[PDB]
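Asker: My structure file work_18.csv, CSV, C-alpha atoms and all ligand atoms, is below:
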```
chain,number,residue,atom,x,y,z
A,1,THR,CA,-78.8,-61.7,-145.8
A,2,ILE,CA,-80.3,-60.5,-149.1
A,3,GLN,CA,-80.4,-61.0,-152.9
A,4,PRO,CA,-78.8,-58.5,-155.3
A,5,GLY,CA,-80.4,-55.1,-155.3
A,6,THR,CA,-80.2,-51.7,-153.8
A,7,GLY,CA,-82.0,-50.0,-151.0
A,8,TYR,CA,-81.7,-48.3,-147.6
A,9,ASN,CA,-80.9,-49.9,-144.3
A,10,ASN,CA,-80.5,-48.2,-140.9
A,11,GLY,CA,-79.9,-44.8,-142.4
A,12,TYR,CA,-77.5,-45.9,-145.2
A,13,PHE,CA,-77.8,-46.7,-148.8
A,14,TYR,CA,-76.6,-50.1,-149.8
A,15,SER,CA,-75.8,-51.8,-153.1
A,16,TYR,CA,-75.2,-55.5,-153.6
A,17,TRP,CA,-74.5,-56.6,-157.1
A,18,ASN,CA,-73.2,-59.8,-158.5
A,19,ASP,CA,-72.7,-61.3,-162.0
A,20,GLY,CA,-75.2,-64.1,-161.4
A,21,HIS,CA,-72.5,-66.6,-160.3
A,22,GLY,CA,-73.1,-68.2,-156.9
A,23,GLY,CA,-70.8,-68.4,-153.9
A,24,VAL,CA,-71.5,-65.0,-152.3
A,25,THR,CA,-73.5,-64.1,-149.2
A,26,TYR,CA,-74.1,-60.4,-148.4
A,27,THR,CA,-75.7,-59.3,-145.1
A,28,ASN,CA,-76.8,-55.9,-143.8
A,29,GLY,CA,-76.2,-55.3,-140.2
A,30,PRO,CA,-77.1,-52.6,-137.7
A,31,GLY,CA,-76.2,-49.0,-138.4
A,32,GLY,CA,-73.5,-48.7,-141.1
A,33,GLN,CA,-72.4,-52.3,-140.9
A,34,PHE,CA,-72.4,-55.0,-143.6
A,35,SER,CA,-70.6,-58.2,-144.1
A,36,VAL,CA,-69.8,-60.5,-147.0
A,37,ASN,CA,-68.6,-64.0,-147.2
A,38,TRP,CA,-67.6,-65.6,-150.5
A,39,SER,CA,-66.3,-68.9,-151.7
A,40,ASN,CA,-65.4,-69.5,-155.4
A,41,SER,CA,-67.4,-66.4,-156.4
A,42,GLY,CA,-67.8,-64.7,-159.7
A,43,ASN,CA,-67.6,-60.9,-159.8
A,44,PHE,CA,-69.5,-59.0,-157.1
A,45,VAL,CA,-69.6,-55.6,-155.4
A,46,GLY,CA,-71.4,-54.8,-152.2
A,47,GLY,CA,-71.5,-52.3,-149.4
A,48,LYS,CA,-73.0,-49.3,-147.6
A,49,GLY,CA,-72.9,-45.6,-147.9
A,50,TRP,CA,-74.9,-42.8,-149.6
A,51,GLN,CA,-77.2,-42.1,-152.5
A,52,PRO,CA,-76.2,-39.7,-154.0
A,53,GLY,CA,-72.6,-39.3,-152.9
A,54,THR,CA,-70.9,-35.9,-152.7
A,55,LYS,CA,-67.6,-34.5,-153.9
A,56,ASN,CA,-66.6,-33.5,-150.4
A,57,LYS,CA,-67.6,-36.4,-148.3
A,58,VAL,CA,-65.2,-37.7,-145.5
A,59,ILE,CA,-65.9,-41.4,-145.3
A,60,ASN,CA,-65.0,-43.5,-142.3
A,61,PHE,CA,-64.7,-47.3,-142.3
A,62,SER,CA,-63.5,-50.0,-140.0
A,63,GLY,CA,-63.7,-53.7,-139.5
A,64,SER,CA,-62.0,-56.8,-140.9
A,65,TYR,CA,-61.0,-57.6,-144.4
A,66,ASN,CA,-59.8,-61.2,-145.2
A,67,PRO,CA,-59.6,-61.8,-148.9
A,68,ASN,CA,-58.2,-65.1,-150.4
A,69,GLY,CA,-57.5,-64.1,-153.9
A,70,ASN,CA,-58.6,-61.2,-156.1
A,71,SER,CA,-60.6,-58.7,-154.0
A,72,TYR,CA,-60.7,-55.0,-153.3
A,73,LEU,CA,-61.8,-52.8,-150.3
A,74,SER,CA,-62.6,-49.3,-151.6
A,75,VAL,CA,-64.6,-46.2,-151.6
A,76,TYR,CA,-66.6,-47.0,-154.7
A,77,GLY,CA,-69.2,-45.1,-156.7
A,78,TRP,CA,-70.5,-43.7,-159.9
A,79,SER,CA,-71.3,-40.4,-161.6
A,80,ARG,CA,-73.6,-39.7,-164.6
A,81,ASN,CA,-72.8,-37.3,-167.5
A,82,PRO,CA,-70.1,-38.4,-167.6
A,83,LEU,CA,-70.7,-42.0,-166.7
A,84,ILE,CA,-67.8,-43.0,-164.5
A,85,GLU,CA,-67.1,-45.9,-162.2
A,86,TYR,CA,-64.6,-44.8,-159.6
A,87,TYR,CA,-62.5,-46.4,-156.9
A,88,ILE,CA,-60.4,-45.2,-154.0
A,89,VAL,CA,-58.8,-48.5,-153.1
A,90,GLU,CA,-57.7,-48.9,-149.5
A,91,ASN,CA,-56.7,-52.6,-149.6
A,92,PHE,CA,-56.7,-55.5,-152.0
A,93,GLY,CA,-55.9,-59.2,-152.2
A,94,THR,CA,-53.6,-60.9,-154.7
A,95,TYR,CA,-54.3,-58.6,-157.7
A,96,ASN,CA,-53.5,-54.9,-157.9
A,97,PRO,CA,-56.5,-53.5,-160.0
A,98,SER,CA,-54.1,-51.1,-161.8
A,99,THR,CA,-52.0,-53.9,-163.3
A,100,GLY,CA,-51.4,-53.0,-166.9
A,101,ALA,CA,-53.1,-49.6,-166.6
A,102,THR,CA,-51.5,-46.3,-167.5
A,103,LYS,CA,-50.6,-44.2,-164.5
A,104,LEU,CA,-51.5,-40.5,-164.6
A,105,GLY,CA,-50.2,-39.2,-161.3
A,106,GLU,CA,-50.2,-39.4,-157.5
A,107,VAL,CA,-52.1,-37.9,-154.6
A,108,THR,CA,-51.3,-37.8,-150.9
A,109,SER,CA,-54.3,-38.2,-148.6
A,110,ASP,CA,-55.2,-39.6,-145.2
A,111,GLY,CA,-51.7,-40.8,-144.4
A,112,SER,CA,-50.6,-42.4,-147.7
A,113,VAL,CA,-49.6,-41.7,-151.3
A,114,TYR,CA,-52.0,-43.1,-153.9
A,115,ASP,CA,-51.3,-43.8,-157.5
A,116,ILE,CA,-53.9,-42.6,-160.0
A,117,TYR,CA,-55.0,-44.4,-163.2
A,118,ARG,CA,-57.8,-44.3,-165.8
A,119,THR,CA,-59.0,-47.5,-167.5
A,120,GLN,CA,-62.0,-48.3,-169.8
A,121,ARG,CA,-64.7,-50.9,-169.5
A,122,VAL,CA,-66.2,-51.8,-172.9
A,123,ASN,CA,-69.8,-53.1,-173.1
A,124,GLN,CA,-70.0,-54.0,-169.5
A,125,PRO,CA,-72.6,-53.8,-166.7
A,126,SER,CA,-73.2,-50.4,-165.1
A,127,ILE,CA,-75.7,-48.4,-163.2
A,128,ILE,CA,-77.4,-47.6,-166.5
A,129,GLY,CA,-77.2,-51.1,-168.1
A,130,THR,CA,-74.7,-52.4,-170.6
A,131,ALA,CA,-72.3,-49.6,-171.4
A,132,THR,CA,-68.8,-48.4,-172.2
A,133,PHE,CA,-67.3,-46.1,-169.6
A,134,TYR,CA,-64.1,-45.0,-168.0
A,135,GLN,CA,-63.0,-46.0,-164.6
A,136,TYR,CA,-60.9,-43.7,-162.3
A,137,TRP,CA,-58.6,-45.3,-159.7
A,138,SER,CA,-56.7,-44.1,-156.7
A,139,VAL,CA,-54.7,-47.0,-155.3
A,140,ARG,CA,-53.4,-46.7,-151.8
A,141,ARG,CA,-49.7,-47.6,-151.3
A,142,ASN,CA,-50.1,-48.4,-147.6
A,143,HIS,CA,-52.9,-50.9,-147.3
A,144,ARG,CA,-55.3,-50.7,-144.5
A,145,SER,CA,-58.7,-51.9,-143.3
A,146,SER,CA,-59.8,-49.0,-141.2
A,147,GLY,CA,-59.5,-45.2,-141.6
A,148,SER,CA,-61.0,-42.1,-143.1
A,149,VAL,CA,-61.0,-41.1,-146.8
A,150,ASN,CA,-61.3,-37.4,-147.7
A,151,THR,CA,-62.9,-38.0,-151.1
A,152,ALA,CA,-62.3,-34.4,-152.3
A,153,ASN,CA,-58.6,-34.9,-152.3
A,154,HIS,CA,-58.9,-37.7,-154.8
A,155,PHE,CA,-61.6,-36.0,-156.9
A,156,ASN,CA,-59.4,-32.8,-157.1
A,157,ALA,CA,-56.3,-34.8,-158.1
A,158,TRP,CA,-58.2,-36.6,-160.8
A,159,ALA,CA,-59.6,-33.3,-162.1
A,160,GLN,CA,-56.1,-32.0,-162.6
A,161,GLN,CA,-55.5,-34.8,-165.1
A,162,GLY,CA,-58.8,-34.2,-166.9
A,163,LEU,CA,-60.5,-37.1,-165.0
A,164,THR,CA,-63.8,-35.2,-164.7
A,165,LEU,CA,-66.7,-36.5,-162.6
A,166,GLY,CA,-70.3,-35.9,-163.5
A,167,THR,CA,-73.3,-35.6,-161.2
A,168,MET,CA,-72.8,-38.1,-158.4
A,169,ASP,CA,-74.8,-41.3,-158.2
A,170,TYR,CA,-74.2,-43.8,-155.3
A,171,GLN,CA,-71.0,-43.7,-153.1
A,172,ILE,CA,-70.3,-46.7,-150.8
A,173,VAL,CA,-67.5,-48.5,-149.0
A,174,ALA,CA,-67.5,-51.6,-151.1
A,175,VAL,CA,-66.0,-55.1,-150.8
A,176,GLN,CA,-65.4,-56.6,-154.3
A,177,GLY,CA,-64.4,-60.1,-155.1
A,178,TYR,CA,-63.4,-61.4,-158.5
A,179,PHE,CA,-63.5,-65.2,-158.9
A,180,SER,CA,-62.1,-65.6,-155.4
A,181,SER,CA,-62.9,-66.4,-151.8
A,182,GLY,CA,-62.9,-64.3,-148.6
A,183,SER,CA,-64.6,-62.7,-145.6
A,184,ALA,CA,-65.2,-59.0,-144.7
A,185,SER,CA,-67.1,-57.2,-142.1
A,186,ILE,CA,-67.2,-53.4,-142.4
A,187,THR,CA,-68.9,-50.5,-140.6
A,188,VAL,CA,-69.3,-47.2,-142.5
A,189,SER,CA,-70.0,-43.7,-141.3
A,201,LIG,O1,-80.5,-54.0,-161.9
A,201,LIG,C1,-79.4,-53.1,-162.4
A,201,LIG,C2,-78.1,-53.4,-161.6
A,201,LIG,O2,-77.8,-54.8,-161.9
A,201,LIG,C3,-77.0,-52.5,-162.0
A,201,LIG,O3,-75.9,-52.7,-161.1
A,201,LIG,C4,-74.6,-52.2,-161.4
A,201,LIG,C5,-74.0,-53.2,-162.5
A,201,LIG,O4,-72.7,-52.8,-162.8
A,201,LIG,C6,-71.9,-52.9,-161.6
A,201,LIG,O5,-70.6,-52.5,-162.0
A,201,LIG,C7,-69.6,-53.5,-162.2
A,201,LIG,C8,-68.9,-53.8,-160.9
A,201,LIG,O6,-67.8,-54.5,-161.1
A,201,LIG,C9,-66.8,-53.7,-161.8
A,201,LIG,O7,-65.7,-54.6,-161.7
A,201,LIG,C10,-64.6,-54.7,-162.6
A,201,LIG,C11,-64.5,-56.2,-163.0
A,201,LIG,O8,-63.3,-56.4,-163.8
A,201,LIG,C12,-62.2,-56.2,-163.0
A,201,LIG,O9,-61.1,-56.5,-163.8
A,201,LIG,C13,-60.7,-57.8,-163.7
A,201,LIG,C14,-59.7,-58.0,-162.7
A,201,LIG,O10,-59.2,-59.3,-162.5
A,201,LIG,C15,-58.5,-59.7,-163.7
A,201,LIG,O11,-58.1,-61.0,-163.5
A,201,LIG,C16,-57.0,-61.2,-162.9
A,201,LIG,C17,-55.9,-61.3,-163.9
A,201,LIG,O12,-54.6,-61.7,-163.2
A,201,LIG,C18,-54.7,-63.0,-162.6
A,201,LIG,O13,-53.4,-63.3,-162.1
A,201,LIG,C19,-55.8,-63.0,-161.6
A,201,LIG,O14,-56.0,-64.4,-161.0
A,201,LIG,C20,-57.1,-62.6,-162.0
A,201,LIG,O15,-58.1,-62.4,-161.0
A,201,LIG,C21,-59.3,-59.6,-164.9
A,201,LIG,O16,-58.5,-59.9,-166.1
A,201,LIG,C22,-60.0,-58.2,-165.0
A,201,LIG,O17,-60.8,-58.1,-166.2
A,201,LIG,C23,-62.1,-54.7,-162.6
A,201,LIG,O18,-61.0,-54.5,-161.8
A,201,LIG,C24,-63.3,-54.3,-161.9
A,201,LIG,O19,-63.3,-52.9,-161.8
A,201,LIG,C25,-67.3,-53.5,-163.2
A,201,LIG,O20,-66.4,-52.6,-163.9
A,201,LIG,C26,-68.7,-53.0,-163.3
A,201,LIG,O21,-69.1,-53.4,-164.6
A,201,LIG,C27,-72.4,-52.0,-160.5
A,201,LIG,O22,-71.6,-52.2,-159.3
A,201,LIG,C28,-73.8,-52.2,-160.2
A,201,LIG,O23,-74.3,-51.2,-159.3
A,201,LIG,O24,-77.5,-51.2,-161.8
A,201,LIG,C29,-78.6,-50.9,-162.7
A,201,LIG,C30,-79.7,-51.7,-162.4
A,201,LIG,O25,-80.8,-51.4,-163.3
```
How would this structure read if it were set down as structure tokens?

Answerer:
Amino acid sequence: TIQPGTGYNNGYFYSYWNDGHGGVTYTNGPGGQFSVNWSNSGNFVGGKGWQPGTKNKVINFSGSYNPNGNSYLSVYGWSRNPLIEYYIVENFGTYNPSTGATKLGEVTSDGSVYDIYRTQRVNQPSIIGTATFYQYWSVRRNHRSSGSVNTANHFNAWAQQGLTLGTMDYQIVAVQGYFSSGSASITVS
């Protein structure tokens, strides 16, 4: 179990970030494994993967995902120039992250249709400090807690709607919670 930060563990990059609010425990396990337990958290994002990511990675994940409230399970990462926070959301709790967002299209990948959206974060935390930036979303219709994600299928679909990615920064399978509670235990490869 560790404090917020980034690093490398057992061959995998990890990032664990929170907004300073208590109630979250993040633990790195062997290999590509991590777990998170949270109770009345604030906002946090943690998981394992790669630094940098690539635009053609096939990401495998498996384990348990037991949110109680607002939470996401996603392939999650960033680019620079442009600065983009992106999500390929495989499962979520009580809140669909695209609520209120303008849909731009659909993509079929890895056994499901996904709906695609762009949103904007204004003056928020980011990998380069406080910033305004776009977010790109693919939201899986058929929720799951194990499988493989062909990231290129999403990135290509996004590109056809002008949702351009820059040079990749990190790319993880992330568990996110937003003022909620839950448990998750995920192995990445
Ligand atoms: O040392 C630094 C290091 O700290 C830095 O790390 C970066 C910092 O930025 C991180 O990026 C964060 C990650 O979180 C991203 O999350 C956002 C949070 O907002 C979410 O939207 C919210 C969704 O819930 C909505 O509320 C609902 C409303 O309906 C109700 O019924 C329901 O109960 C309720 O929950 C809410 O209104 C809404 O605002 C959004 O979905 C989500 O994407 C965030 O964008 C981003 O800022 C990054 O992870 C770290 O790596 O790196 C640099 C070092 O120098």

Asker: What residues of the protein or nucleic acid chains come within 8 Å of ligand LIG 201 (chain A) when you use all atoms listed in the file? Reply as a PyMOL selection string.

Answerer: chain A and resi 4-5+15-18+43-46+69-70+77+85+94-95+97-98+121+124-129+135+176+178-180

Asker: Taking into account only C-alpha atoms, which residue in the set A:48, A:144, A:118, A:21 is nearest to residue 84 (chain A)?

Answerer: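 Residue with the minimum atom-to-atom distance to residue 84 (chain A): A:118.
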
Asker: Please identify all polymer residues within 7 Å of residue 72 (chain A), counting all atoms listed in the file, omitting same-chain residues fewer than 2 positions from it, and present them as a list in words.

Answerer: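 Selected residues are residues 74, 89, 91, 92, 93, 175, 176 and 177 of chain A.
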
Asker: Between A:148, A:161, A:60, A:81, which residue has the minimum interatomic distance to residue 105 (chain A), considering only C-alpha atoms?

Answerer: A:161

Asker: Given the point (-54.0, -43.0, -157.2) in the file's coordinates, find the residues that have an atom at most 6 Å from it, counting only C-alpha atoms, and give them as JSON, numbers by chain.

Answerer: {"A": [106, 114, 115, 116, 137, 138, 139]}

Asker: With distances taken over only C-alpha atoms, which residue among A:23, A:47, A:42, A:82 lies nearest residue 7 (chain A)?

Answerer: A:47

Asker: Compare A:6, A:51, A:151, A:102 by their minimum atom-to-atom distance to residue 75 (chain A), counting all atoms listed in the file, and give me the closest one.

Answerer: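 Using all atoms listed in the file, residue 75 (chain A) sits closest to A:151.
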
Asker: Could you state the separation of CA of residue 55 (chain A) and CA of residue 101 (chain A) in Å, given to one decimal place?

Answerer: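 Spanning CA of residue 55 (chain A) to CA of residue 101 (chain A) is a straight-line distance of 24.5 Å.
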
Asker: For a quick check of understanding, using all atoms listed in the file, which of A:64, A:10, A:120, A:108 has the smallest distance to residue 36 (chain A)?

Answerer: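 Ranking A:64, A:10, A:120, A:108 by distance to residue 36 (chain A), first place goes to A:64.
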
Asker: Residues near residue 24 (chain A), anyone? I mean within 7 Å using only C-alpha atoms, not counting same-chain ones fewer than 6 positions away, as a ChimeraX atom specification.

Answerer: /A:37-39,41

Asker: In Å, with one decimal, what is the gap from CA of residue 1 (chain A) to CA of residue 25 (chain A)?

Answerer: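 Straight-line distance from CA of residue 1 (chain A) to CA of residue 25 (chain A) works out to 6.7 Å.
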
Asker: Given only C-alpha atoms as the basis, pick out the residue of A:172, A:104, A:58, A:188 nearest to residue 149 (chain A).

Answerer: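 Distance minimum relative to residue 149 (chain A) lands on A:58.
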
Asker: Expressed in Å to a single decimal, how great is the separation between CA of residue 35 (chain A) and CA of residue 112 (chain A)?

Answerer: 25.7 Å
